[PDB]
Structures are given as C-alpha cells and as structure tokens.
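Here is how the chains run, residue by residue.
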Amino acid sequence: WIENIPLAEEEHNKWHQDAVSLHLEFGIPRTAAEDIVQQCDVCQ
Amino acid sequence: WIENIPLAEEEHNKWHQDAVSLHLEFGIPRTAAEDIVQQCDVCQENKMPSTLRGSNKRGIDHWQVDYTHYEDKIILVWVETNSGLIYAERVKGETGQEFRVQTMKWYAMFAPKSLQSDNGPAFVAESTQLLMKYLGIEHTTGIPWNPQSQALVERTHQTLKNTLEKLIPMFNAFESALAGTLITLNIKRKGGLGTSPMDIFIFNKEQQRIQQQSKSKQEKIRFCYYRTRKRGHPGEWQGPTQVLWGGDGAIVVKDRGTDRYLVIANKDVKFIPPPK
Amino acid sequence: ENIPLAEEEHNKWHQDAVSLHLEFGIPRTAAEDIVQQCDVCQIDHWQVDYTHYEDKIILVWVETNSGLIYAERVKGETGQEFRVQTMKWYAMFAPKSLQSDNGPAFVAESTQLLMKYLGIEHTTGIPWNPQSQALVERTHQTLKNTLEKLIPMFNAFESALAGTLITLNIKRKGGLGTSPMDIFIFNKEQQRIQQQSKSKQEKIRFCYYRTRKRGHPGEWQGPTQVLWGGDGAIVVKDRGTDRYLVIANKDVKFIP
Amino acid sequence: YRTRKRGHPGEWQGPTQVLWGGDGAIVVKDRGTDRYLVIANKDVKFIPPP
Amino acid sequence: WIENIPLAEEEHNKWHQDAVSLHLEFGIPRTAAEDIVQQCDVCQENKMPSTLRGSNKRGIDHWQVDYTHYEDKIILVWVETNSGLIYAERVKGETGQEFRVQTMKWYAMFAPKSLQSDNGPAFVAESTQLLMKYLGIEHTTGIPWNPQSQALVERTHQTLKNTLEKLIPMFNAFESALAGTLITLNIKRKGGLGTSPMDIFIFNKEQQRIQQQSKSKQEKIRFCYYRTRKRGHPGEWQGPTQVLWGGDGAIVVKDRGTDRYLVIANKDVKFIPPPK
Amino acid sequence: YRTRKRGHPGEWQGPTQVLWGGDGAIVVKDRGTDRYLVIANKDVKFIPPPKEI
Amino acid sequence: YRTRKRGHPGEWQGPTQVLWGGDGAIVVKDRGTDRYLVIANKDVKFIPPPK
DNA sequence: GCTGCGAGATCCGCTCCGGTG
DNA sequence: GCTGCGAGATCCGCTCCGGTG
DNA sequence: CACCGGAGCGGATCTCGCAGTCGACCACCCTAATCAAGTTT
DNA sequence: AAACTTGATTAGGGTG
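Residues numbered from 1 in each chain as written, not as in the entry; some residues may be left out. Chains lettered and ligands numbered in written order. Part of a larger assembly, values for the part shown. Heavy atoms only, no water. Residues with missing side-chain atoms left out of burial classes, pairs and counts.

The record lists cryo-EM as the method behind this PDB entry and 8.2 Å as its resolution.

Trainee: Mind showing me how you'd approach the environment of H62 of chain B here?
Mentor: Residue and element names in this part refer to chain B. Along the polypeptide, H62 turns up in strand β1 (residues 62–69). In this structure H62 touches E80, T81, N82, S114, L115, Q116 and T140, once residues within four positions along its chain are discounted. Separated by 3.3 Å, the side chain of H62 and the backbone nitrogen of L115 make a polar contact. (Helix = DSSP H or I, 4+ residues; strand = E, 2+ residues; numbered from the N terminus. Contact = heavy atoms within 4.5 Å. Polar contact = N/O pair within 3.5 Å; in protein donor to acceptor, adjacent residues only side chain to side chain.)

Trainee: Even after reading the chapter, I still don't get the sheet that holds strand β4 (residues 114–117) of chain B, so can you show me in this structure?
Mentor: Two strands in a sheet stick together by hydrogen bonds in their backbones, pointing the same way (parallel) or opposite ways (antiparallel). Residue and element names in this part refer to chain B. Strand order in the open sheet made by the 5 strands is β3-β2-β1-β4-β5, with mixed pairing throughout. The sheet is open, and its two borders are formed by β3 (86–91) and β5 (138–141), each paired with just one other strand. Pairs of neighbouring strands in the sheet enclose a mean axial angle of 20°, with direction left out of account. (Pairing = 2+ DSSP bridges. Axes fitted to C-alpha atoms, helices over the stretch in contact; angles between N-to-C directions.)

Trainee: What exactly am I supposed to notice about the pattern of salt bridges here?
Mentor: Oppositely charged side chains may form a pair once their charged atoms are brought near each other. Following the criterion strictly, the structure yields 31 salt bridges over all chains and no others. Residue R209 of chain B pairs with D182 of chain C through a salt bridge whose shortest N-O separation is 3.6 Å. Of the two residues, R209 of chain B sits in the loop between α10 (197–207) and α11 (210–215) while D182 of chain C sits in helix α9 (residues 180–198), which places them in two different chains. For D182 of chain C, a relative accessible area of 14% translates into the label buried. Residue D43 of chain G pairs with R4 of chain G through a salt bridge whose shortest N-O separation is 2.6 Å. Of this pair, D43 of chain G sits in the segment after β5 (35–37) while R4 of chain G sits in strand β1 (residues 4–5), and the two are 39 residues apart along the sequence. Look at the salt bridges and you will find they share partners, linking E11 and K14 of chain B together with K188 of chain E into a network. (Salt bridge = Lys/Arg side-chain N within 4 Å of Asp/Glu carboxyl O. Buried < 20%, exposed > 50% of the residue type's maximum accessible area, 1.4 Å probe, protein only.)

Trainee: I keep staring at the pairing of strand β3 (residues 69–74) of chain C and nothing clicks. Help me out?
Mentor: Side-chain positions along a regular strand alternate between the two faces of the sheet. Residue and element names in this part refer to chain C. With respect to burial, β3 is a largely interior element, 5 of its 6 residues being buried. Of the pairings in the sheet, the one linking strand β2 (residues 56–63) to β3 comprises 6 bridges and is antiparallel in character. In the sheet register, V62 faces β3, and the bridge partner there is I69. Between β2 and β3, which follow one another and run antiparallel, lie 5 residues, and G67 among them has a positive phi close to 80°.

Trainee: Help me out: how do you make sense of unusual backbone geometry in this one?
Mentor: Going from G222 of chain C to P223 of chain C, the amide bond is cis rather than trans, its omega being 5°. With respect to the helices, strands and loops of the structure, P223 of chain C is situated in strand β6 (residues 221–226). For the peptide bond that leads from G14 of chain F to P15 of chain F, omega is 5°, which places it in the cis range. Here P15 of chain F shows up in the loop between β2 (8–9) and β3 (28–30). At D34 of chain F, a position not held by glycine, the phi torsion is positive, near 65°. Assignment of secondary structure puts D34 of chain F in the loop between β3 and β4 (35–37).

Trainee: What's the story with the UniProt feature "DNA-binding region" in chain B in this structure? I'm lost.
Mentor: Mapped onto the present numbering, the UniProt feature "DNA-binding region" falls at residues 222–274 of chain B. Along residues 222–274 of chain B, the helical share is 0% and the strand share 45%, with 7 Å between the first and last C-alpha atoms. (UniProt positions renumbered as here; feature names shortened; annotations may be inferred.)

Trainee: Sorry if this is basic, but what is going on with the protein's contact with DNA strand H here?
Mentor: In the region of DNA strand H, 26 residues are neighbours, and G54 of chain B, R2 and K42 of chain D together with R231 and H233 of chain E sit closest. Atoms of DNA strand H within 4 Å of the protein belong to the sugar or the phosphate in 62% of instances, the rest to bases. Here a sugar or linking oxygen of DNA strand H and a backbone polar atom of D23 of chain F are 3.3 Å apart. Looking at the surface near DNA strand H, the elements with two or more residues in it are β5 and α8 (151–167) of chain B. Across the surface near DNA strand H, the residue classes break down as 7 nonpolar, 10 polar and 9 charged. (Near = heavy atom within 4 Å. Nonpolar A, V, L, I, M, F, W, Y, C, P; charged D, E, K, R; others polar.)

Trainee: What should I look at first to understand the sheet that holds strand β8 (residues 245–246) of chain E in this one?
Mentor: Read from one edge of the open sheet, 3 strands run β8-β9-β10 (chain E), paired in antiparallel fashion. Because the sheet does not close on itself, it has two edges, and the strands there are β8 and β10 (260–262) of chain E.

Trainee: In this structure, what is going on with the interface of chain B and chain A? I would like to understand it.
Mentor: The accessible area lost on association of the parts is a frequent measure of interface size. Facing the 8 residues of chain B at the interface are 7 residues of chain A. Run the count over chain B and chain A and you get 0 salt bridges. The interface formed by chain B and chain A includes 0 residue pairs in polar contact. Of the residues forming the side of chain B that touches chain A, the biggest block, 4 residues, is contributed by helix α3 (residues 31–39) of chain B. Classifying every residue of the side of chain B that touches chain A gives 4 nonpolar, 1 polar and 3 charged.

Written out as structure tokens, the structure reads:
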C-alpha cells in the first residue's frame, strides 16, 4: 500500500491513467488514487 | 495532505500513534492512515487481539464437563451444551479409569451424543477416547488455556458452590446436598416460561424422535432455481434444487457451492412444476 | 377442553385412563380422576426394591405405569443412604408418588418425613397389585439376566449396571420403537402442561351454571363444584346425568 | 438466537418462531428487520412457547 | 387461596427454590413469592452485590496517581481526573520523601488543585498530607485494595506500557522513551475533534480564569418561586431565589432545602420584577 | 501466536498464516513442528497478510 | 423421469440432469442406485428454463 | 477442527386504578 | 468520608459518486 | 431519470488489562530415561 | 560371553 501508493503517484504523472486503473494496478486506495487524478493537473 | 503523508508516516515511524490523531493533524483521509499501522512493524507488534469468541449451543445431548475441587472434594460435573441441563457426582480421584466408569453411569442415564471437554488426562485418555468411539460419540477438546470453551461447567461450578453453601448443613451427606443442588438447578431453577432445563432436555428428546422425522418424508418436494443480480440483472437459475422448506416470502435452500443452508426471497425463486 | 367428552366416552365404554388420555389428548390425572370417579371401574408413581446381586445391594426404582425404572448399587439398605439415593433419584426426575413394601429404610420416620418434605405420596404396605408386582418381577428377572450378559464386558460393575439400565430403558423398545424412556418423557410433556395449567391455579370452588338451548341461556343450576376450570371454560358434572360438561365462563356464576 | 452481535455472537435474541428444522441451523424471521435469516444451532436455544 | 402459602413457605424453608416454581406449583401470586427469598436467610445471605459504581473526572486540576512497576522500574504517574492529561516519571523508590519531591516537581509544573490516591504509604505519609495541606490542596484517598477509584492511572499503566514496548529500543534512555510515551499520549493521542488532553487542560486553564469569571458579576440577577403538586394540586409558592441562570423554557436554581442546583420549567417560575 | 504452560502464555511467535478461519480461533501451522494448531484468539495477534512484502 | 414394470409406468423421479439428449430418450443417472439410465421421452418430462 | 454465559441487584418505561382544580 | 473507564478490534446505520436496462 | 453499487466516516458493539515480584504444592493423563529379567548365534 | 527385546518404577510435558 503505502509503499505502492507513492510509487503510483510517481507513475501517474508519467502515465496518467484512471484512478481506477491504479487502484486496480497497485492495489491502493481508490479514493486516494482519485485524489491524485484530481491533484494531477494533467488529467484535469 | 496526500503528500503530507510520507512525513506523517515518518511521524508514526518516529512517534508511533493512532490512525486518527495522525489522520486529523495531518488532515488526510484516515483509512490508509490505518494502513499505516497495518504496515507498521512497531505498532503492528504490540496491539492486543480484540476478539469476542463464541460458545456452542451445539447439540441436543451435546455435552460439556469439568471435574471440581470443592472444599478438597473432586466433583465431576456433567453439563449440557444446548439446553444446559446438568448432572454431577463427587469423585475420589480424577483418573481416566474412574472417569470412564463415571461416564458409563451418566451416559447410561441418557443418550448423550457428543462432548466438549478439556485437556485433563482422564478426558484425554486412550481408552476414554476409544470408549467414546466404542459408543459412537463425539468428544471434542477443550483446548489449552480456554476454560471458556469449558464455559458452562465453570459457570455452574459457581452456581453450584453457592447452593452447596446453603444446603450442606441441612444434610448428613455432602453428596445428598450434592443431590439437592443437582435437583434444584436441573429442576427447581425455572425461568422464562418457568421451566427447568429438565423440561427442555426431555421435551427435546420427544422432539428429536426419529420416527416422526422419517415420517415427514411423504410430504412433497419441489425444487427451485435461485439466481443472483449483478448490476440489477439476475443470473441463471443456480442451479435448481429442492425447496427444502418454504416460508412466506422466502424459503429454505442449500447452495451446493457452500454446501450450506440458505434463503431465497420468493421473487428470486423459480417454482418448479410437479411431475404429472 | 376435551375432558368432558372423554368423560362422555368413558361413561359409556369403561376403558383405561391410559387410553382416555391417549384417545382424547386430555390430561392423565384428569383420566385417572375419571376412572377413580367412574364407579364401574371402581402417574409418576413408582415402586422400589433393594436387590442383592453378587453380594451387591442395589436400589431399584420402577415406575408403575410406563414401567420405566432406575436402579443403583448400594452399600447397605440403611434409611440414611437410601435417603441420599432418593435425593438423587428425585434429582433425575419429577416423581409424584410411590409404592413399596414396609422395608425399614422406606417406612422410617425421617424417610416418610422426607417424602413429605418432597410432597410425595409414599405408600408402604404389602405390595398387593398383580399389575405392579408382575412387572416388578419381570423387571428384576430381565435385569439380572442382563447383568449376566453385560458385566464381563466392563471394567466396572456399576458401568455394566449402567449398561443394563440402558438396555431396558432405552435400547429395549416395543410397538413403534418406544422405550419406556420415550413413554415416560411423552407423559411428562402433556402431564406437566396440564398440571401447571390447572392444579396450581384454583381449588375447591363451586358455581352456578346453565345450558344454552339454541343459544338461549338455561336456568341457573347446581350449586356444583368447579372441577377443572379451563381457559374460557370449566368442567362440571351435571348431577342428574352423572356426566361431565364443558361450561363457558359466561354461563358460570362462580360461587365465592 | 444470536448472530454477529457486536462481534461474532452477540447477546441472545428472539424469542422467535422455530420455522424449519435443519441440520446445524434453521431460518427464523428477524422481528427487527422482518427478515428471514439463519442461526447456527449452536447459536440456538429451543423453546416451547407456553 | 393464600393459605397454601405457609406450607409453600415451609417448602422453601425445606427445599429452597425460586419464587416462580413455588409461585406456580403452589399457584399463588408470585410477588410475595419473591418476598420469600427476600425474607429467606438461606436463599438470601449469599447473594452478590450488583453495583455499578462511578469514577470522578471531577473538576479541572483534579488528579490521580499510582506507582507502576515496569520491568522492575518504579514509575510514579501523574494523571488527571477530568480531562485526563497526564505526566509520569521513573523513580528509584516509592518513598514518601522521594514522592514528596516528585510531587513538588509536578505540582510546580501546574496548578493541580486536588488528588485521589491510594493507601500507599508515601501518598499517605504525614508530611505528605501536611504538604498537600501546606499548599492548600485536596488529597483524597483511594480506598484500600480498590484500584478502581485509581482507575485511570491503572488504565494508563496499560496504555503506556504498550507504548513503552514500542519506543524503548528507539532510545538510549528508557526515560527518554518515557518522555516519548509521555509526549505522545499527552499530545499525539488526539481524538474526537482531534485534540490532545493537553489541549483541554490548557484550554480550561484559560477558561478556569478568575477575572472574566469574576467580571460577570455585573450582569443582572433576578430572583424567582416554586410549588409542588400532591394528588395533582400544586402547593403554595415556596419562596424566591435568584435565577442563577435562565435557559429557554427553564432555568438554573438552587433549593436551599437541598442546597443543590436545580431546574424549574419557566411555567412554574415567577419572574420577580426589578428594583426601580 | 503464543501458548500456555501451566497457563502461562508464550511469547508472540512466528508470525505465520491464517489457514482456516473460525470465530474466535482458527487453524495455523507450527513452523517448528510443521504441525497444525488451534489458537485462542486472545493469544492470536492478527496481522495483515503481505507482511514486509 | 419414470420407469416401467410390465409396461406399468413407475412413479416420476428426479428432477435430474439431462445427462445427454437422445432421440426418443435421453440419459439420466438414478440417484438411488447411482447408475446411468435412459428414459423414453414420454417417460420424461423436460423442465423449462428459468424464464 | 473449535466459539462466554448466567445470577444478582437497580433503573426506567408501560398499564391499571384513584385523586386534583 | 468515597464511585471502572479505557485501549483494541469489528460492524451496522447513513451519504456521495459512478454505471446502466 | 430511477435503481443498484463502490468508497467513505460517525456511531455502535465486544473483550480486556491496570491493580509490585508471581509461583508452591496437588491430582490426572501421557511420555520417557534407566534397571532387571530371559534367550540367541 | 555380546547383543537384543520387554516389563517395571520413578522423572518430565498438557489439563482441572
């Protein structure tokens, strides 16, 4: 989780998927993933 | 706060706190804040196991026992699980042979079908176990450092010893007073609807009569499909199996998948027409 | 209430109170009251014997009706030991009443007292009933026969004693696969339903009563006893017919 | 009967209706939720109404 | 039909049973059938005292303490009642002199106003008591062999020792780890609204201030009256007392009769007009 | 997990895996004896599965 | 499914699996004797699907 | 393959009966 | 002249947001 | 646009340890080191 | 006369 969770935060800035996709990739919290995608200006 | 988190994480790694205070002061979502101490070593280590546990109502004639040392008197105690009618007897030694004889007596008083009992050697003894087996009976093991599986017998050791303290001066015999306590709580203790355990055991022996159960076979079976809705959309009838018993608005059924009895509301039932 | 209709049938046919209970599903102390109140024919009721086997005094307990029993090894036939034994025996059951001979432990003052302490009908006397006595005899014969089967097989005499108690009370069955256990049990059911439902409530009450003719209330009649007060009903004998009747409590005037 | 309760077995519940006898459990309605359920027969205590 | 009762009474005096079975079999009213065992000696004597009890958070600056042996380390623990912020310190001996010094320290850290503490001799010591007195402070006695008045300090001995088991490897010092636990639960434990005890103590010290508290005297008083209904019929008005504070639909008042604060719904109030 | 010797509980041990779950106690393997065991929940200190991994 | 004795149709049995669809009959196991069996489609009543 | 429950004493709410302006 | 509440795991009663016959 | 579902948090439910260091001596059942008693190539 | 198996009587591990 909390080792996955930063790394996915790193990786979304690269690869910009769904929060869904990272929840389902890394097995993180989805809502945190959603927080990244919102806090990711790029998908915004 | 999403990136406050590694610092908050550090502050757990430093200062090792609850998911809450950490959640709030770092102002995050709390749930991964719990996944902290899930992922902590330290705080993961030393927490206690909150665990409720359970005792078994279990079976008609299913039983539970422990020996007693009342006033330096070994008293071995014969105590039902389901409706918790009991028996006991004073004993000179706890030994497996002695024990085996005691249970021969008490077993002969009834058709006790099974048992929970602890790690005491006489319970545990080889020919004791072979005797349960010899008679086609289920011993089960009260386990180390759980009197609590042995709950009721210890409970009743309480109840009984209170009653002893009443009655024993009234008698020549301690063991007639033992009879008196035995009498009373297997009988004279009556409650709810004002019924003993004895009521309930014996009643249920009438209730558990095999001939009646065998007889109900003549009553009709139907089968029924149940099915399951994913995003609103019910599955195939899963399978089709007997309406074990119908209720109003739902039924009794088994999932062979679990091999376990189950409900289906009568809307998600298919009624399956008769042969004809 | 089926009790007065059962009484209607017995007044005709003169059966056993057994089959009155069984036929009509009434109480058995009701039924026993009928046969005792039926001049033509005019539970939890036991008999004991100590018995010697292999130089082992054994106390025995024999229900007079189901025929179900109990027995236990005895050191000596003393009143006091026996007083303990009937503590334990009453422990296993809810016995009402008893027969026995005049045996000293039985007749003894603290023993008879103890029956009274338990509210029991004890009867010592030369036990005279071939109904009972035949069965007690069959019991002891069958019994020590079954000892002679079982006792080699067991570490304990009292375990094999247990064995015979099983054999006869449980494993031994008849009719529809009923052991005297099953009998006894089933009797305790409805009897302890009726006993709670009835005898505890009210005793020795009279009333005036009437009979509705096409729903037209009769004259008030009696005074007669309230024999069994029912739920919304009672039981009464109309003195003229020598027959029992159900009367609804509205057609009752209870005589205070 | 008793079910999940606070955790695992709660405190006892009902008295309810003994509807269908099975092996090891049976279904009784929850008066609270009006809902048919199951109680392990080790979570049961059987009773005659009156 | 209540003349069965003395015999039933005897049957309790003999056979000592529940009010119910006795009630039913003797077929009486049950309630005096309970008054039996109320009046029994035998079935009575031996009953247990069902008693809930209570703890006192008490007023601000009211405190509670016990020593704790942690890993053979005397640690004397300084634990508030009301908002339960705490302190503790490791000690070499429990002694009254040592103790007296410890409390000098901790007392100096605050304005702790009172105490609950047990029968431990150092708590109890003469000059200890004289020291509380010397400073105008209320000791109160944890009674002997009841930790439960000493509740929170034992509770916290739990909490703390869990935290010790975490932290102590992280430090040179056991007592720096003691500082760490101290830190955390007096601070870092934060909950509800995400606040420490430290929050609450200190806050309340701001709210425990005398001047704003004394300033409010300028605000108006009115007095007000009350009466009591016997079989529905209210008494005379039982005098006038200050409306200590008014609420909506009721107020704050004292009965001098009890010398205790009280409510009156504003209908049973007389408002008493001003001087003028 | 831990175990009772004259009642005296063991130290916390392993840790290892939930094999069969039950309410209040489970099945687990003793690594030392390679043997299955039933442990009182009280003496079961729960862990999430992945451990360090 | 049912079975005949001297042509006399036995009582219906199952419901069961159509173990294989045949022409004029099918395959079924007897749950009682644990044996595959064929039943002529007249001695069969097929069961409609969940609808 | 095994699981905490019941007894004791209080405290509040609901029902039936009676008193008050 | 004084009073068991607190730490630790689990779960139902609710809402906010997304998917779709 | 109505209905069901995944994710979220306040509230609710259950079990338990703080009480100084803990063992000392019993009774039962099961397992094991050690000594005594025979033969057999 | 070395080795080979089995019964007897006190010392340790799990349970009231």
